[PDB]
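First comes the structure, then the notes that go with it.
Only the coordinates and a few stated rules stand behind these numbers; no lab work does. Virtual Cβ from ideal backbone geometry, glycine too; neighbours counted across all protein chains shown.
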Amino acid sequence: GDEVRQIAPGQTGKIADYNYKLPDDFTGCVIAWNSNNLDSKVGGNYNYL
Amino acid sequence: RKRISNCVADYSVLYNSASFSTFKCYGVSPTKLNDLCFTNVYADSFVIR
């Protein structure tokens, strides 16, 4: 969740720099929603790297 | 208000443990901070709601 802000042009962080970088000339839309009731389990979900 | 001086600011270390809810640079771009150095730095530290 705290990394959603990093999915934007001009941003830095472990995601903006290492896993998903956007162009500074980007045309399009960034859509995000929580998945706390799907992508998480008890004992935690360790399938997202 | 802590004075920070005489050091190397990588901020890559923070990635392994810290996860910020907000990050915001006024003045300078978040991606230029590796390519920059500062005249003086003060860290104003406090807890809010």
query: What ranking do A:21-27, A:10-16 get when scored by the average of other Cβ atoms within 10 Å per residue, highest first?
result: A:10-16, A:21-27
field: Reachable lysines from B:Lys24, criterion Cα separation under 22 angstrom, eight or more residues apart if same chain
entry: A:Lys14, A:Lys21, B:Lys2, B:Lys32
message: Could you work out how much longer the chain between B:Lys24 and B:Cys7 gets when fully extended? Use 0.36 nm per residue separation minus the Cα distance between them, nm to one decimal.
response: 4.0 nm
- line: Counting other chain Cβ atoms within 10 Å of each Cβ in B:27-37 and taking the mean gives 2
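For the protein assembly as shown, count all C-alpha to C-alpha pairs, find those more than 17 Å apart, and express that count as a whole percent of the total.
More than 17 Å apart: 66 percent of the Cα pairs in the protein assembly as shown.
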query: How high is the relative contact order of chain A, given as a whole-number percent (alpha carbon pairs under 8 Å, six or more residues apart)?
result: 27 percent
field: GNM result for chain B, Cα springs below 10 Å: residue of B:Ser21, B:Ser29, B:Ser12 fluctuating most strongly
entry: B:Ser21
- request: Please give the calculated 222 nm ellipticity per residue for chain B, where each DSSP H segment of at least 4 residues contributes -39500 (n - 2.57) and the sum is spread over every residue; nearest 500 deg cm²/dmol?
  value: -1000 deg cm²/dmol
query: Separation of region A:22-49 and chain B by C-alpha centroid, Å?
result: 26 Å
Efficiency of FRET between A:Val42 and A:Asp2 - r from beta-carbon atoms, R0 25 angstrom, step 0.05: 0.65
- prompt: Along the charge dipole of chain B, Cβ charges K/R +1 and D/E -1, which of B:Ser5, B:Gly27, B:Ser45 sits furthest on the positive end?
  reply: B:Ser45
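Over all alpha-carbon pairs in chain B, figure out the percentage whose distance exceeds 14 Å. Before the final figure, lay out the partial values.
Working: 789 of 1176 pairs.
Taking all Cα-Cα pairs of chain B, the fraction more than 14 Å apart is 67 percent.
Partner chain Cβ atoms within 10 Å, averaged over the residues of B:4-16 - can you pull that number for me? Please list the in-between numbers first.
Details: counts 0, 0, 0, 0, 0, 0, 0, 2, 3, 0, 2, 5, 1.
Average neighbour count from other chains, rounded to a whole number: 1.
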query: Relative contact order for chain B: what is it in percent, counting Cα pairs under 8 Å that are at least 6 residues apart?
result: 74 percent
